[PDB]
Structure formats: C-alpha cells, structure tokens
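The structure under discussion appears below in the form of structure tokens.
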Amino acid sequence: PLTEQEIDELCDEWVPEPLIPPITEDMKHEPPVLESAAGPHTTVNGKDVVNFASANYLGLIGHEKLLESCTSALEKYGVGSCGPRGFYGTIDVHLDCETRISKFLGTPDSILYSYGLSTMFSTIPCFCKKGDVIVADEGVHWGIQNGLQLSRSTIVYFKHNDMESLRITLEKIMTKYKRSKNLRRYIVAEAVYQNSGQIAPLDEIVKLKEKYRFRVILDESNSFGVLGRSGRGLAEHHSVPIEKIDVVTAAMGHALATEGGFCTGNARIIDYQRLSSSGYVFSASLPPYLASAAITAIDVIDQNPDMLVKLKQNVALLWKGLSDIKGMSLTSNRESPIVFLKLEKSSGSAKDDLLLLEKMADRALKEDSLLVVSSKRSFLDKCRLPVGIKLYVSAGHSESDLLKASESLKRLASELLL
Amino acid sequence: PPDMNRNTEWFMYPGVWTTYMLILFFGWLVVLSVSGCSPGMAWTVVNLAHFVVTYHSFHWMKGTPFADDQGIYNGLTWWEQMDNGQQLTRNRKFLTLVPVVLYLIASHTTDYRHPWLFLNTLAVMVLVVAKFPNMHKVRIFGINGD
Amino acid sequence: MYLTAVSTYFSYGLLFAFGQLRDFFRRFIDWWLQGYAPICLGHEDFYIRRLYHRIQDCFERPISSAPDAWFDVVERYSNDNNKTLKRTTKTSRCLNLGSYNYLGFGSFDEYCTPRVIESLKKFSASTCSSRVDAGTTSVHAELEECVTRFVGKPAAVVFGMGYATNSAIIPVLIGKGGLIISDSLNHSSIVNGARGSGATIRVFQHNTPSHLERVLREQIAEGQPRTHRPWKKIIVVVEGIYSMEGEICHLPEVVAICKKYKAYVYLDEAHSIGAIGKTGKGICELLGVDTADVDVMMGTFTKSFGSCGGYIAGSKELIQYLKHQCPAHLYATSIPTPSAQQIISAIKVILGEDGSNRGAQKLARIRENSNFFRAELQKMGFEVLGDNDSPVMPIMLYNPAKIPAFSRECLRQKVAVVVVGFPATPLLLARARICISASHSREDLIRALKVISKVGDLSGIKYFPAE
Amino acid sequence: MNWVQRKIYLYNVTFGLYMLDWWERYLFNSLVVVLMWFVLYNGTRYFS
Amino acid sequence: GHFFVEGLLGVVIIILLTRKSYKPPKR
Ligand SMILES: CCCCCCCCCCCCC/C=C/[C@@H](O)[C@H](CO)NC(=O)CCCCCCCCCCCCCCCCCCCCCCC
Ligand SMILES: Cc1ncc(COP(=O)(O)O)c(CN[C@@H](CO)C(=O)O)c1O
C-alpha cells in the first residue's frame with residue numbers, strides 16, 4: 001500500500017503529451033468562399049465559375065417554389081423549434097413531411113432527423129447489439145463505420161461490390177454460428193458509393209439474403225430521386241419491391257436541396273426508433289422552414305420526370321468527352337452522377353499522390369474557373385479505396401460548360417502527369 | 001464510485017430494506033385473509049412464492065431492459081451485475097440472510113411436519129447455493145449458458 | 001420523506017407485477033417472421049411497453065404555432081384501444097413552460113427575421129456541399145468571426161448539429177492509451193463521443209470536486225489498467241449548468257485541481273451561454289474564471305439564439321487541426337445560410353450593435369423572472385432544485401403516478417409543462433422541469449403560479465412547510 | 001370535490017392506481033377490502 | 001432436533017456477517 005508521500009512524487013513525475021500535434025506547413029490550406037448561390041454557375045472572388053462540387057443532382061437550388069415555400073414558413077414559425085421531438089418540438093410540418101415522404105416511396109411510416117450525417121450513426125446502434133453479426137461492404141463511408149463501431153457487434157467485411165465474396169462470407173458465417181439459431185444478422189450496404197461512384201447490385205443481394213435469412217440496411221442518399229425511371233431509388237432501378245428492404249435511410253442534402261435525413265420501413269420498426277435512438281431523442285428537431293422545402297421538392301420531382309432523363313444525358317455526354325484522358329482512368333459506373341477519375345501508376349507514396357491531385361484541383365479553379373472535389377480522408381477513416389477526383393454532374397449543367405470541364409481536365413493530365 | 005447501471009444503482013437509496021420486509025408482511029396478511037388457513041400454511045406459501053419470484057428475477061434473466069448499454073451485460077444475471085461484481089458487500093449480505101431467516105419462521109410455525117419440510121428446505125438450499133462467492137459466472141452443464 | 005420513498009417503491013413494484021403477469025399471457029396466446037429473427041426481444045423493451053405506453057399522451061404533443069410564450073396545442077384522440085394517438089383539428093391556447101427560448105429569440109422579431117429572409121433569397125437554404133469543398137459562403141466566414149469575438153477565444157469552428165459537435169469532436173482529441181474522467185450526469189452526446197474513441201472512461205461523483213482529485217491521484221499513480229504504462233493524456237469533462245438538476249458547476253475548484261495534476265479541461269455550456277452572465281457571456285463571466293484556463297469550449301445555438309448548430313472555441317492551433325482532421329468538417333453538409341444569419345443577428349442584438357436597447361432588456365428580464373418564480377415556489381412548499389441564477393427549475397414529484405396527474409391537471413387549465421420518469425432518471429426521483437423565458441410577462445407568471453398551487457394541493461407534492 | 005372524494009384521489013396517485021387499467025385496479029381495491037374486514041373482525045373477537 | 005438446526009444456522013450466519021468484501025483479480 002503506497003504511502004501518501006510516494007503518490008505525490010509519482011503525480012509530479014508524470015508528463016503528458018500535447019492536446020494536438022504541431023501544425024505543419026502543408027496542412028493549413030483554405031477553400032474557396034462563394035457568393036450569390038451554389039448552383040451550376042456560382043461566383044467566387046468576383047469571377048464566374050462553373051461548379052462541379054455540389055450534390056444537387058436535380059438542379060433545385062434556387063428554385064422559385066422553394067423560396068416561396070420557405071418564406072411563408074419563416075414568416076410564421078421563425079427559425080428554430082426550441083427543443084426535441086418529445087417535448088413540444090413537434091411542429092405540424094414535421095408530421096406532414098413524414099407522410100409526404102412515405103407516400104412517395106410507398107411505405108407505411110417515416111421518421112425525420114435534423115442532421116443528414118446522424119441518420120446512420122444513430123440507426124445502426126439502434127438495431128444491432130453486442131451479440132449480433134453485421135456484414136459490411138468495406139467501401140462504406142465514415143458515417144456508417146462510426147455507427148458500426150458504436151454498436152458492439154461483430155463486423156465482417158467483404159470486397160467492394162463483389163458478390164462471390166459476399167456469398168463466401170455468408171456461408172462462412174452460417175457455419176460458425178450453426179449452434180445458436182436465434183441469431184440477429186444484418187447486411188449493410190450503400191446504393192451508390194460516395195468513395196467510388198459504383199452502384200450496388202441489389203437484385204443479387206436480395207437473392208442471397210433470402211437464402212441465409214439476413215436483413216438489409218440500405219443507405220440511399222445518392223440514388224433517392226435520381227436513379228429510378230420515376231425517381232424512387234435503386235429498388236425500382238433493379239425492379240425489386242421496396243418491402244424486401246428492411247431499413248432505408250437517406251440524407252436530404254442531395255437532390256432535395258435541404259438538410260436533414262429520414263428513415264423508412266414498417267410501422268413496427270419506425271415506432272421503435274422514435275423511443276430509443278440518439279439523434280432523435282437527445283437532439284433538437286429540424287427547423288420548420290427546412291421541412292417545408294422538402295415537401296415542395298418532393299412534389300416538384302413527382303410532377304417533372306424529364307429532369308431524371310436530362311441527368312442521364314449529361315452524364316453520358318461527360319463520359320463521351322472525357323474518354324481520351326492520359327494519366328487517369330474512369331472507374332465509376334456509367335449511370336451514376338458521381339464521376340470518379342482514378343490515378344493510374346501512382347507516384348508510390350500515400351501522401352505524394354494526394355499532393356498531385358490537390359495541386360491539379362487548385363490549378364483548375366485558378367486558370368479555368370472549375371470547382372472540382374478531390375479526396376480528403378481523415379485519420380479516423382478506415383476506407384482503403386483508391387483516391388482521385390470527383391465530379392458531381394447535375395441536370396442544370398449546360399452542354400457548353402459540360403465540355404469545358406473535360407477540355408480543361410484533359411489538358412492538365414497531359415501536362416502534369418507525363 | 002457511482003454505479004452507472006440503471007439495472008442495479010437503485011438498490012442503494014433509503015427505504016429498500018424496509019420495503020423488502022413490508023412486502024413480505026403484506027403477502028402473509030393477504031394469504032391469511034383471502035383463504036382462511038393457519039399461520040404455518042401461510043408462511044409456507046410466502047416462503048415458496050418468494051422463491052419463484054426471486055430465483056427468476058435474480059438468477060435466471062440475463063442482460064438489462066435498457067438498451068442504451070448496447071449489450072455489455074448480455075452474459076450476466078442480475079445477481080452478478082450487483083455492486084459491479086464485488087463480493088460480500090452490505091447489500092449482498094442482506095440479500096443472503098433473508099431466505100435463511102424466512103426459512104426458520106416457516107419451519108418453527110409448521111412444527112417441522114414433513115410434507116412441507118422437504119420443499120421448504122430445498123428452496124433454501126438452492127437459493128443460498130446460487131449466492132456463493134465462488135459460484136460467480138458459472139453455469140451447470142451449460143444450462144442458461146448462451 | 002420516508003413514507004414517500006416507501007410509497008414510490010410500492011407503486012413501482014405493483015407496475016412490475018402487473019406487467020410480468022400480462023407478458024406471461026401475451027407470450028402464450030400467440031399460438032393461435034418467416035425465419036427472420038425478431039427486431040427486439042421481449043424483455044429488452046419492458047418499460048417502453050409496460051410503463052411508458054400507459055402514460056403516452058403526456059409526450060410528443062404537436063403544436064400548430066410558433067414556440068412563443070403562448071402557443072396552440074393540437075389534441076389527439078386514438079380509437080384502437082390506445083395504441084396510436086392520431087390528431088384532430090381544434091387546438092387550444094396554452095402557456096408555454098416547456099420550450100428552450102431563454103432569451104426570447106424563438107419567433108418572428110423585427111430585426112432578425114427580415115435579415116434572415118433576404119439571405120435566403122440570395123443563397124437558397126442550402127449549399128449541398130461540405131465546408132472544404134463548396135460549402136463556405138460569405139455568411140459562414142462572418143459567423144465564425146462573430147462567435148470568436150463573443151465567446152472570448154482566439155478561434156472558433158461552427159457545425160450544423162450540437163449532438164455531432166460532441167460525438168464527432170471527442171474522437172479527434174484522444175484515442176487508445178488516453179483517459180477520460182467524466183461527471184456522472186454528463187449528456188448523452190458526451191458519453192457517445194467518449195465511447196466513439198478508444199480511450200478508457202472513468203467517472204466521478206456529480207459535482208463533487210473532492211472526488212475528482214481522489215480519482216485523478218489513483219489513476220495517475222497506477223497507469224493503464226493491466227500494463228502499468230503511463231497515460232498519454234487525461235481529459236476532464238464538465239458542464240456549465242445541468243438542466244435536469246438546474247445547478248451550476250463548481251468550476252473554479254475543478255480548474256484549480258486540473259492545473260495541479262496537469263489535466264485538460266473540456267467544458268460543455270449549452271444551457272448557459274446566453275442565459276447567465278451579466279452581459280450574457282456564460283459561466284466564465286459569472287464565476288470569474290479566466291477563459292484561458294479551459295482548453296476546449298463547446299456550445300449550442302438552440303437554447304438562447306433560436307437556431308440550430310454548435311461551435312468549438314479554443315486556440316488557433318486547435319482549430320487549424322480540427323479543420324484538417326475532423327469528420328464533421330470534412331464529410332457533412334455545412335450549416336444552412338439562413339440559419340447562420342439568425343445567429344449573426346442574435347449576437348448583434350445581445351452585444352448592443354443593432355442600434356437599440358432591446359438586448360439589455362432581454363438580459364434584465366430573464367434574470368428578474370426566474371428569481372421571482374423560484375422564490376415564489378419555495379415559500380409554498382415545493383421542493384425546487386437549482387442554484388439561484390438558472391432559468392431551469394425542476395419540481396420533485398417522486399411518485400410514478402403523479403407524472404400523468406400533474407401533467408393532465410395542468411394542461412386542462414392551459415399550462416404546458418414537461419415531466420420525466422424512471423428510465424431517464426433514478427427510480428426514486430421523477431420530476432417536472434420548468435423553463436422560464438425572457439418573453440414571459442409578470443401577469444403570466446402569476447397565472448401560472450396560481451394554477452400550479454391548486455394542482456399541487458390536489459396531488460400532494462408540497463413536501464415542505466409553507467411560510 | 002369534497003373531502004372524501006379528495007382523499008380518494010390522493011390515495012389513487014400515491015399508490016399507483018391512477019395509471020392502471022380499470023380491471024387492474026378493480027383486482028386490487030377489492031383485495032384490499034378483503035384484507036380490511038379480516039383485521040377489523042379478528043380484533044373484536046380474537047382480542048376479547 | 002427441533003432446536004439444534006437453529007443453532008447450526010445461527011453459527012453460519014455469524015460466520016458470514018463478519019467477512020470482508022473483496023473483488024476478484026485480473027488476468
Ligand atoms: C405488489 C407489491 C409488490 C409485488 C411483488 C413484486 C415485486 C418484485 C420486485 C422485483 C425486483 C426485481 C429485481 C431485479 C429484476 C431484474 O430481473 C429485471 C430484469 O433484469 N430488472 C429490471 O426490470 C430493472 C430493475 C428495476 C426493478 C425495480 C422495480 C421494482 C422495485 C420493487 C421495490 C424493491 C423492494 C423489493 C425488493 C425485492 C422484493 C422481492 C419480492 C418478494 C416476493 C413477494 C412474494 C411474497
Ligand atoms: C450539453 C448538451 N449538448 C447538446 C444538447 C443538444 O444539442 P442540440 O440542441 O444542438 O441537438 C443539449 C440539450 N439537449 C436537449 C435535446 O435538444 C435535451 O434533450 O434536453 C445539451 O444539454
């Protein structure tokens with residue numbers, strides 16, 4: 001038993017590390033500062049730029065019916081709701097928006113979230129607990145893997161969009177736990193991958209889940225509103241009934257031009273999330289003027305289905321004009337609105353490759369007035385997919401500035417790569 | 001230190017031993033009054049109703065009814081979660097000496113007649129054995145082991 | 001206060017017995033999921049089905065008006081044997097005692113909203129991009145300069161959610177090999193942020209600085225649990241004011257100990273940034289703590305400024321590091337532009353830079369109203385928690401069946417309150433929070449006090465002698 | 001609401017009867033009445 | 001017989017109610 005004098009010396013000898021490491025000169029860069037909008041033609045520094053870095057795939061930023069819908073909500077409710085959904089934070093527009101969403105998709109019930117990132121790190125820990133088994137894709141983004149880590153269950157990974165690997169992994173799990181037959185099992189995937197721009201092959205995941213009795217959790221942020229014939233996501237793109245997917249989540253910062261997220265499914269599942277979640281019970285509810293714009297956007301999408309035809313033509317045209325690139329290679333699916341350019345024959349270093357892309361984005365913005373986005377990964381990120389440059393093409397881009405983003409990007413690759 | 005588990009932290013506030021005893025006196029008065037009988041046949045019913053409820057609540061169910069703590073106690077009964085697992089504390093001693101005291105009352109009032117003595121001794125032995133300090137986290141022949 | 005405990009335990013035991021009895025038949029009449037496992041096991045939500053569903057009309061009440069001093073409450077009328085309460089028409093005008101607009105910024109006012117609308121007319125409600133890509137506008141650049149020169153730190157960052165500001169920032173600061181010591185009553189966002197990192201978590205007794213030192217010495221003298229390695233870091237987390245309790249932290253005593261043992265201080269002040277303080281600068285201005293003695297300072301824009309979001313304030317190096325490695329800054333969508341104009345204008349009104357005197361009257365009314373209400377409750381016999389200067393003040397009920405009785409008797413006479421029970425509190429300690437606003441008038445508070453006196457006579461919650 | 005009707009209300013919320021179903025409280029109020037007559041009748045003869 | 005078991009149990013009671021609390025070791 002230590003005497004009280006020894007503990008004093010022990011506490012005086014201990015020396016801690018700094019709160020943050022020293023800031024090196026290569027990690028203090030700044031992004032552009034916009035004015036006037038974030039549409040296809042925004043304004044930076046007094047010059048006119050062409051924007052390929054915002055994810056409004058339908059071209060709804062700055063629509064007349066959204067301004068008109070948000071003004072009336074701001075003149076009647078104010079800006080905030082002042083509390084969570086369980087203490088007088090339920091305004092009646094929240095109840096109208098959940099109904100409008102589930103009538104569009106064709107489900108019984110919906111639930112709304114105030115932050116688009118929180119809809120996945122609060123949903124996965126709500127269903128999966130310590131003894132369960134989750135099978136994930138390895139390519140999922142940081143919001144999914146944070147929710148995977150917070151739920152203390154066992155996580156197994158399969159290769160990116162590879163169905164042979166998924167079948168092998170499912171058979172392997174259905175031999176290790178053959179004893180306890182009352183096992184909770186989930187498959188976690190993502191409709192269009194943010195880190196690769198590839199589309200999940202859903203008609204086969206559904207065949208495999210019905211064979212080993214698994215449940216699917218799907219993240220439809222980059223597919224909701226763009227990918228079906230009528231806009232209802234990936235399920236009607238592959239012609240599978242929405243009832244076979246158990247949980248469907250989405251974020252409203254893409255293609256609806258809003259903020260927030262939702263989840264959709266049974267009346268039994270949605271009613272359990274309302275009482276034991278984390279970003280729903282211990283957070284304030286969505287400002288009403290943001291929920292009043294989602295209702296109008298869902299109406300505009302539902303009445304105008306030629307926007308979804310125009311988006312596909314824009315994507316195909318950018319593919320036609322960008323196929324002679326020299327040091328890069330297109331590694332995205334031909335339907336997705338996230339065009340992903342890869343770097344062939346990397347320089348070798350994990351941090352010398354990023355410098356080249358960050359340099360070739362800056363030159364594009366400086367010389368040709370283009371906003372493109374390059375990969376920025378946190379040290380907490382566990383994704384090991386290749387890095388590259390992404391373009392978010394929208395229905396609002398014209399054919400004039402669509403071959404301006406290929407002619408300006410084929411010129412910096414034949415001059416800065418080899 | 002503070003307990004940080006809603007499944008057990010409530011057992012340290014005042015009035016809990018007193019309510020434990022009052023429930024057992026109220027049960028005896030109810031058994032006597034609803035069906036006229038003798039004190040011994042009422043203390044036997046109390047003694048055997050205190051076994052079914054207590055064994056199922058303390059030594060059979062595993063986990064917690066609160067899901068915030070994802071599954072951190074899935075493999076533990078309520079008795080094993082008590083006091084963070086520390087043995088022979090104050091509340092554990094009280095919960096151990098209650099069935100022993102309740103056995104003597106049910107035996108001395110029934111004149112040690114056999115039809116009931118077998119049951120009243122079996123209950124006490126099973127209840128006291130499950131509370132031994134060396135019987136922690138051990139399942140017999142795998143029952144309730146997963 | 002002894003027979004109250006005995007009655008509380010008795011009533012909870014009765015609820016437990018009846019719930020188990022009904023569950024033993026439910027799980028037996030199911031013999032009169034095609035290989036799929038159940039969503040939730042039968043006893044993993046026992047108190048949601050057997051306790052919370054009994055008192056369901058006391059929660060999630062819809063309102064059809066703005067959250068002001070008075071509002072309109074929609075009524076619900078479930079038909080299917082009380083399973084799904086669905087709403088009707090025909091609202092009723094109530095007095096608001098349950099929202100969080102401490103300074104009265106939660107409706108239309110004549111300075112803020114006109115400037116909010118013309119910012120929306122120009123930036124259109126969202127950018128659909130992250131801050132490092134295309135989500136930085138002029139408004140976002142000006143908001144951080146306003147937050148910096150109002151909190152009192154070299155630099156600041158703004159996020160779009162206040163739960164995420166904890167649960168995504170704590171993992172960036174500490175990892176496996178570090179220690180976190182936390183107050184027993186910290187918010188869920190802090191606990192989830194601490195679990196999101198690999199660090200070890202220890203806890204100390206609520207608001208007792210003599211136990212914090214006892215924990216620090218024992219943890220430093222030992223090292224990491226099995227291999228007595230030195231700890232890399234220690235971070236101590238406290239809150240400016242605790243809403244369920246209504247009390248203010250013992251911050252000078254915490255900061256004196258943390259300097260002695262070389263720990264870092266993380267301060268969460270979401271219920272105190274606008275409410276308390278002579279000029280509304282929070283707990284550091286009230287308790288005279290030097291703002292250079294805390295390393296990270298966090299806040300929310302929901303309780304006083306009538307908006308959404310959160311912030312971190314610290315030094316230049318901390319902010320430069322976060323803007324390079326933080327998942328919320330790199331991956332999320334930026335805070336909406338009309339919702340940042342709100343915070344800019346609210347700070348201008350409080351600081352007095354709108355060219356008016358409303359910002360000082362708000363601060364003088366919130367101090368005056370809550371003192372009067374708290375001093376009036378205590379002489380009637382209620383047990384009221386809180387220190388003296390808080391705007392939140394719970395009332396002890398103790399008995400689980402006194403929650404619906406109190407709530408339903410107040411609502412029938414047009415007063416709206418919040419009540420909380422077991423799962424969210426300790427077993428013995430159900431209560432009702434009261435939130436006072438700077439927009440409440442004197443002849444509203446007299447009406448509320450007159451109603452609450454009558455209701456407390458009937459329920460019998462006057463546990464102390466009157467005057 | 002007079003004195004007796006008031007004290008009954010207080011009893012209901014003090015012992016949890018207020019937030020139960022009609023038959024659940026019916027099964028308890030009658031079981032308490034059965035217990036009361038037993039005590040009031042084995043104190044007038046047993047101790048006499 | 002009817003009063004020896006009572007003493008037997010009273011002995012184990014006073015043996016139990018004197019022990020000092022402890023916690024199990026680590027690995
Ligand atoms: C009607 C008057 C009383 C009726 C008798 C029924 C009361 C039985 C008490 C049950 C104690 C439960 C202890 C642990 C149970 C765990 O298994 C479960 C599942 O993990 N924990 C939970 O659900 C969360 C814990 C919350 C339980 C507290 C609510 C009940 C509080 C009762 C007051 C405490 C004093 C009694 C202590 C134990 C008394 C044992 C009952 C005696 C048998 C009566 C037969 C004559
Ligand atoms: C320290 C701290 N951090 C975060 C929050 C919630 O942040 P938000 O209002 O930005 O969601 C609260 C209040 N939390 C509210 C929910 O809105 C409540 O449940 O009472 C808090 O006290």
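Below, chain A is the first sequence line, B the second, and so on; all start at residue 1. Remember, it's 1-based here, ligands and their atoms both numbered in the order they're listed.
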With a 3.5 Å cut-off and sequence neighbours excluded, list the donor-acceptor pairs that the side chains of residues 11-18 of chain B form with protein atoms.
unit_1	atom_1	unit_2	atom_2	d
B:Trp17	NE1	B:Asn91	OD1	3.4
B:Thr18	OG1	C:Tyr2	OH	2.9

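- Of the candidates B:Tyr73, B:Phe58, B:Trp60, B:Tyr55, B:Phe58 is the only one forming a ring pair (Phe, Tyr, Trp, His ring centres under 6.0 Å) with B:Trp78.
- Taking the side-chain hydrogen bond (donor to acceptor under 3.5 Å, both in side chains) definition, one finds that C:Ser304 meets it with nothing, sequence neighbours left out.
- For C:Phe301 and C:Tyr311, the distance between ring centers is under 6.0 angstrom.
- Shown are C:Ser184, C:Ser188, C:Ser182; of these, the side-chain hydrogen bond (donor to acceptor under 3.5 Å, both in side chains) with C:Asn186 is made only by C:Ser182.
- The atoms of ligand 2 that sit less than 4.0 Å from any heavy atom of A:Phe282 are 6 (C), 16 (C).
- A distance of 6.0 Å or more separates the ring centres of C:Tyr163 and A:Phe121.
- Partners of C:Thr8 according to the side-chain contact (heavy atoms from CB on, under 4.5 Å) rule, which considers only residues two or more places apart in sequence or in another chain, are C:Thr4, C:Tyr12, C:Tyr398, C:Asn399, C:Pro400, C:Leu428.
- Protein heavy atom in closest approach to atom 13 (C) of ligand 2: C:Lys303 NZ, 2.8 Å.
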Enumerate, one pair per line, all nitrogen or oxygen atoms of ligand 1 lying under 3.5 Å from a protein nitrogen or oxygen, stating the separation to 0.1 Å; write 'none' if no such pair exists.
unit_1	atom_1	unit_2	atom_2	d
ligand 1	17 (O)	B:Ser57	O	2.8
ligand 1	21 (N)	B:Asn7	OD1	3.2
ligand 1	23 (O)	C:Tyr47	OH	3.3

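- Of the N or O atoms in C:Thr300, none lie within a sub-3.5 Å distance of an N or O in ligand 2.
- At a heavy-atom cutoff of 4.0 Å, ligand 2 is contacted by the side chain of C:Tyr100 but not by its backbone.
- Protein heavy atom closest to atom 2 (C) of ligand 2, with residue, atom name and distance, is C:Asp268 OD2, 3.6 Å.
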